[PDB]
Each structure stands twice: as C-alpha cells, then as structure tokens.
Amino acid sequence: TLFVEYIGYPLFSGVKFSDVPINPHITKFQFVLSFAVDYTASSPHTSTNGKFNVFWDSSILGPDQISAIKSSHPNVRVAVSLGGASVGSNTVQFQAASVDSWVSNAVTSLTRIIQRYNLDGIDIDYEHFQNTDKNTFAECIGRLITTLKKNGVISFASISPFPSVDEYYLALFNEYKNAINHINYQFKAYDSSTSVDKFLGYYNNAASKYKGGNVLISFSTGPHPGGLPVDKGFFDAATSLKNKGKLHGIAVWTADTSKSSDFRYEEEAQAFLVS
C-alpha cells in the first residue's frame, strides 16, 4: 500500500508533518514537499534556467523535522515536487535556455537540496508550457531523473499530469518509462459533476494513455470544487478499483488544506487502503 500526501502549499498554513495522521499499517507513506521552483526568490519572479529555489517554509518543514518524522515512523519517506502552478502571482512556465545548461543547473541545485533535507525522491509538477516544447521538456526531465538515480541521490520518481497537459507528460513517459515509478494523476481536474461511472471511465482512460505506468487515484481537500468529491462517491469508485486489482494508491492535495477538515480524509483513506 501507497499513500501520498502533498504538503507545504498553499503558503502560511502552519501545518507540520506531525500534525498529519500516519497509519502504521501503510507500507509506503510519502510526504511530498511543495514546491522547489527554478525561479527567483523574490518578486518579480523570473526564470533561472534550472537553478532551483525552495518555496516551502524551511522553518516548519526542515531537515530536523524530516529526520524526526522518519525516525518515529519507519514507513515514512519524503520527496520534493518541482514547479507547481504559481510563484507569488506569476505563472510558472517551464523554460530552458538549452537542454544541457538546464540539466547541469538542475542536477547541481537539486542534489544539494535533496542531500540537505534528507529526501528520498522527486515529483514532477510543471503545468504551463507556453515558452517550451514537449521534446525539450521530456529531455530535460528525463536526463535529470536518470542522472539523480544513477548518482544514488534518489530512490524514486513520480509525475503529476492531467488531461490538458497530457501531451507533455506522454512525451516524457514514452521517452523515459523506466525512470518513472508511479503517476499521481490529478483527478481533481475534471468537473464537479463527474459521476462514479465517469470517474471510472477517466481512470481507465489514464491507465491506457500511460500504458504500463502505475496510476494512482486522487482527491483535493481544497475549498473549491473539482472532480468526484471524496465523500460523494470517491470511495465507491475506489472500492471497484480495489476489487479489480486496479488500486495502486491514493494521493492527496494537500495537508495544508486538510487542516480545515481536521485531517478526516487522510484518516479515512489510509484505513480504506489497509482494509
């Protein structure tokens, strides 16, 4: 069993790792830090050609907290997510000056961050491609994961696509299928009207597009409607998937939003996985 928890965005929640219920029967619990971005730290925010900066709050989610949570919970690993939607008010656009130059900067900067925070993995969450092309993105990301794995810096890697970005992610997946461990598909991207049957249709569509990739299901705990809601039939769909041998795991966006529901959903989903 795999459960994935995004954490550190939205900003200023105050949520700690220790705030989140961790079910001891889960085989793999992965925290995912959001985000490291290759943009300048302060406004106006501009692209840095793969020189990553830390946009989560290190005073709350730091190297000592990471060590402590892992020590307390042997099932816990921690990864970092690249990109995200926005930095400050500026849209995060994937941009490379050259493939070689971006990759060199990314490997140096990420290797430092990963070693410093005691991390086990990365996640890919770029969502805007207006200043790039699919091949350039596939090559940059593919070389980065492949290198980091070869150097022994990371154990695992994931991607977090959705239908409007599928073209970019499919290029990356078809080009580098052995470098990607699982796929945290963003089901919250679909309409609020989506039924149980339609969700299952979406899941099978995702499984087919990413053939032979392991696709996780997901929900949002955010204040805005998206997809098939967690408590409005998500568990029925999840149950059909489980009975069929089709449930790879569940991903949640995000611990920061979940403070308002008191982590009820995190607790429900983990219990569901392990039953």
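One rule holds for the numbers: they count along the sequence shown, beginning at 1.
Higher mean CA temperature factor, per the PDB entry, when comparing 191-199 with 101-109: 191-199.
Per-stretch averaging of Cα B factors for 248-256 and 20-28 places 20-28 on top. Of the candidates 214, 208, 42, 220, it is 42 whose Cα B-factor is highest according to the PDB record. Of the candidates 158, 186, 147, 86, the one whose C-alpha carries the top B factor in the deposited record is 86. Residue 81: CA B factor lies in the lowest third for its chain, per the PDB record. In the PDB entry, residue 243 places in the middle third of its chain by CA B-factor. When the modelled residues of the chain are ordered by their C-alpha B factor, residue 74 lands in the highest third. For residue 169, the recorded CA temperature factor ranks within the lowest third of the chain's modelled residues.
In the deposited entry, the Cα temperature factor of residue 60 sits in the top third of values across the chain's modelled residues.
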